[PDB]
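Shown here is one chain on its own, the form deposited in one PDB entry, set out as structure tokens.
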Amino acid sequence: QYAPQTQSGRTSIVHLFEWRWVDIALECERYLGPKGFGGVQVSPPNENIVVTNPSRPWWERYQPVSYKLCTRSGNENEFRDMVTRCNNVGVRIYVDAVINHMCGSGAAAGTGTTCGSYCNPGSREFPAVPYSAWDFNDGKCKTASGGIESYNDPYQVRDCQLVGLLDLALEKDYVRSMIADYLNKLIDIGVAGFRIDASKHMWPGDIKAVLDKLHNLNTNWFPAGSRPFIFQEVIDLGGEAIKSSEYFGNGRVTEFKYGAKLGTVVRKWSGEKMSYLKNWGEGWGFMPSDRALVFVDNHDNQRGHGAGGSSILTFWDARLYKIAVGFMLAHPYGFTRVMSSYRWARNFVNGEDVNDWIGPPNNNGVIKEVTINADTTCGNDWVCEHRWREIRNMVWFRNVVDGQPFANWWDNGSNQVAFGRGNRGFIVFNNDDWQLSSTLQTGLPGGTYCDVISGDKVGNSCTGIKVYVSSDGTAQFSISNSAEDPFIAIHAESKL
């Protein structure tokens, strides 16, 4: 429902985009569990069509051919092993549920699928489910191309085909039931909740009808009254017919205005300044905090022409991406999702990356394992932003401050700002083109604190910058606009 169902005191999830199940299981044990991560959003676990032109794009995973748990990430036994191993170290699994459609209406008939199931897209045949012609919306679409021609018409957005994908007749109980049996199988395996893909393309009541069929979570890992966490992917930046509020009664909704506006402010575009973030959250017109799933970027818009366009910050803009993710993880608004990506061979032509369809690192189509090096970074083209010290330590900061109110805001009237969370954490940012040198009230008890952005508290010492907070809570902050990271963060568990 609205509660994430993470283990108590864990406050973020990470999207391990296109990772294989065996690698995620290992990552839960060696890293996510010990480092306090709440959970992992996984790529669609159900069987999809194989796209050979272009060669195995990441987007083929959003074109279902059955609900069998067999993909390039692994098979059902590997998926079950991952969910168990992660739940056992306190890390939940959330599934990307692709339920609005099946594969492209133009895909060829046959067994060119990730588990070898047969399908005949042209004749609306999906025997592995099973689905047939009457289970799709072709008869409802009022457009001439069969596609969505105007986003100011909710009926075409919900009933017509999204980029040529066969649109499921979600008002039918048979269809609502096939989808629920799939989600309930995942709940039985131990999943904690779901990202409902392409929610704007479904009627609010049809999604609720499917949700009404879901069981409570598995009692080997969750208390008996527990409803699955639901976050609906609705892209609503304003100025269109469909609003994110239409879905609030079903569960949380992705707040895409968050990353779009934060990226514009952090880049200092369109006259925006960091000092304007004093009233960040509902004051900027966003949805209620208790209904929001927030993030700086996602797998679609980190490619540059998604929701937010070029203002979206990504790992390619690492210096500013870290400050945006750090501000997000320190601020109380919303439930936070961090991104973990792969690097692809970009190829710009006339200013555009024509290679943005490229799928995960692979050897002849088999996804590469995630290798871990000693500096704790990753190999094999995986970026592993969730392992960057500055992000890992801020997800720990958000756990440490859980519940504490936004407090002690300061700004220099331009792009230097700071704020705390009750008496448990404080963060300071310098996004101006000059030195930050200020005495600030931190709200924290006096002591010597390790800055968790530049280092870590190890034993009774700090490996980075030390911040000396006096008994009245004040501390001297000095941050160069050219520092490795132009922000500092300290909290109760970083005190010596």
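All residue numbers refer to positions in the sequence shown, first residue = 1.
The mean C-alpha temperature factor is higher for 127 to 135 when 127 to 135 and 190 to 198 are set side by side.
In this entry, 110 to 118 has the higher mean Cα B-factor, the comparison being between 393 to 401 and 110 to 118. Note on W316, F222, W344, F256: the highest value goes to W344, judged by CA B factor as recorded. Reading the B-factor column for the CA atoms of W203, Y321, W409, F348 in the entry, the top value corresponds to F348. Ranked against the other modelled residues of its chain, the C-alpha B-factor of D297 as given in the entry falls in the lowest third. Sorting the modelled residues of the chain by their CA temperature factor places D485 in the middle third. Remark: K140 belongs to the highest third of its chain, ranked by C-alpha B-factor as recorded. Placement of the Cα temperature factor of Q5 within the chain: lowest third of the modelled residues, per the deposited record. Ranked against the other modelled residues of its chain, the C-alpha B-factor of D456 as given in the entry falls in the highest third.
Just so you know, the form deposited with a small molecule bound exists too; it's not on screen, but the next bit is about it.
Heavy atoms within 4.5 Å of the small molecule in the bound PDB entry are found in exactly one of 428 to 436, 60 to 68, 32 to 40, 457 to 465, that being 60 to 68. Residue contact check for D138: none of its heavy atoms lie within 4.5 Å of the small molecule in the bound PDB entry.
By the criterion of a heavy atom within 4.5 Å, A407 is excluded from the residues contacting the small molecule in the bound PDB entry. By the criterion of a heavy atom within 4.5 Å, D300 is counted among the residues contacting the small molecule in the bound PDB entry.
Proximity of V163 to the small molecule in the bound PDB entry: non-hydrogen atoms within 4.5 Å are present.
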